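Just the one chain here, the form deposited in one PDB entry, laid out as structure tokens.
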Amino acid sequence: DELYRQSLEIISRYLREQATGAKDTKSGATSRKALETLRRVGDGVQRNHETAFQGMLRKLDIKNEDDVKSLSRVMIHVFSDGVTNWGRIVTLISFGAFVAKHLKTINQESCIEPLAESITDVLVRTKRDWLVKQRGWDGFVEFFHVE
């Protein structure tokens, strides 16, 4: 499953960076470019909705690094009106990164892997053919392209 493998790579890499604060050195043409986009736009949505995300995290009441089931239902609920766009998708990933950060403060040795798998699952399973229709992450990259 290339699309799943690729989406998880991007999403884990971003969440790990945000949580620990360090980049990783390690097929990545659109991937490196998608992560570049995510870093720029992700930080964008986090910066201006800081109070809202904090509000959402308290409400979410995350216990540990494996307690992702409530975040999963939230993501299903976002999409349940039948509207799909990269704005929503980037906001969810950006929120996961916010959650990852606070998980590293209440431990500092948590795999962010469950969080990333959880986000990638909802995305790729429930929006599979949608993502394929626009060449996966090139769609994401092009939508957030600034000149």
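Start at 1 with the first residue shown and count on from there. Here, rigid core means the biggest group of C-alpha atoms that superpose within 1.5 Å across both forms.
Beyond the structure shown, there is the form deposited in another entry, which is absent from this document and is the topic of what follows.
Self-check item: 2 Å-or-more CA mover between the shown form and the other one, where superposition uses the core and the choices are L103, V78, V122, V90
Solution: Shifted by 2 Å or more: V78 only.
Exercise. Align on the rigid core first; then say whether the Cα of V68 has moved by at least 2 Å between the shown form and the other one.
Key: After core superposition, the displacement of the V68 C-alpha between the shown form and the other one reaches the 2 Å mark, so yes.
Quiz prompt | Pair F79/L57, Cα separation in that other deposited form versus the displayed form, closer or farther by 3 angstroms or more | solution = Their C-alpha distance shrinks by at least 3 Å in that other deposited form.
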